[PDB]
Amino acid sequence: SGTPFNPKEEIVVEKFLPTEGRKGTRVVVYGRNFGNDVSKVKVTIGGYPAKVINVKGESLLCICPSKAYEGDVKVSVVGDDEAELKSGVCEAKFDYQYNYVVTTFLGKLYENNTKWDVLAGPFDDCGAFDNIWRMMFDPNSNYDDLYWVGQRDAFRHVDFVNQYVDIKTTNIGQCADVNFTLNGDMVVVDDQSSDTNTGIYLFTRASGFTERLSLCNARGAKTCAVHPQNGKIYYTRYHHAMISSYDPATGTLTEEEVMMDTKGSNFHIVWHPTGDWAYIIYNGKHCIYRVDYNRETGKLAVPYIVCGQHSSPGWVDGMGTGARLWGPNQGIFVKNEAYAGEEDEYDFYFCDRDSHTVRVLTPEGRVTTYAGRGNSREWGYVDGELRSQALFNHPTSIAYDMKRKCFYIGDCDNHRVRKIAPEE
């Protein structure tokens, strides 16, 4: 104990030690007029309650809570009726430290991870997932509706408002990719073997995505990348070495937007958010190329390699074509605040399926590993610290939730959606 609380005087929060720390850190807060009754003092760090261990008038000992990012240290004293009498806040902010960790968001298996059921259900009771192939948020849903195609397996819909994971009936045999048009309609690619059958389907936003339309025929279609200003759907077909497009506003087909140096393989195209260029992920050839967009002509330039070596799989971080990739699958652009004001404000996070990692390609062309291959192993199922502990097994799909500030990873051979976010 110490000096009794004086209701005439302000609470002053002078300083705290240590000045930084992680959740569970014992913090001593120093100042004036904290009183000598632990049950009557309240402490928050970054807005979150901190358990108070002792109070001695001019100091108190508390435990740093999780999620203390904002860092303001506020001390309040309440009366007998538990109403706040006084509060003070420190001028200095606590530097809350935290690691990013991999956790499991959706999917449950049984019999020591060998069996699962496939069903629509609540987040807590929705079986597990056969194939989390490519993910996409509905851009008009404010991060409340996440969808994924499953190739020959189920198409799923994660509904955050209702905390439900539905199965979408598509009547499409092999759903290879999903995107949304500028009008917000859902595009789904069917990878099928006839030149005279539909390869790109649309589900209309106006029907709540229940009404399906056929956009165009395409055999062996693999990807659907919607350009953010011109709205065209850019795609590849197995038997043709080129990028093609379909314009949903006019129905115009351009068979050869540009030649490619490879066919007969899976590709995934992702537009940079500016629309100035796209990456072409060579899923089967272990490299990523870039294709530039000329705004004046509306034409694509000759694609060029950015990282990896074509047909040379490996797990090697490094610069551009000195890096090695191994089954790069889906990637997404994520804003990096360290790049604020630079020509490129985005990093490119992608799942490297066969190295069992999430990797990053930076605008200079550097490839680094963000998560996976923990515990001195390659694949597995372990949650925890990104590089020292965590293990994936064929991570394939990826989405970034800007609202909740986390990644979702479709960890295909663990049959789960994994999350990468700050530890709580």
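Numbering starts at 1 and runs along the sequence shown.
Two stretches are in play, 131 to 139 and 87 to 95, and the higher mean C-alpha B-factor belongs to 87 to 95. Stretches 256 to 264 and 74 to 82 differ in mean C-alpha B factor, with the higher average recorded for 74 to 82.
For the set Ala218, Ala338, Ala225, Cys175, the maximum C-alpha B-factor listed in the entry falls on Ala338. The top Cα temperature factor in the record, among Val360, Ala399, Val41, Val382, falls on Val41. Annotation for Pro313: CA B-factor lies in the lowest third of the chain's modelled residues. In the PDB entry, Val334 places in the middle third of its chain by CA B-factor.
Looking at the C-alpha B-factors along this chain, the one for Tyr100 belongs to the highest third. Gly231: CA B factor lies in the middle third for its chain, per the PDB record. In the PDB entry, a CA B factor belonging to the middle third of its chain's modelled residues is recorded for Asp276.
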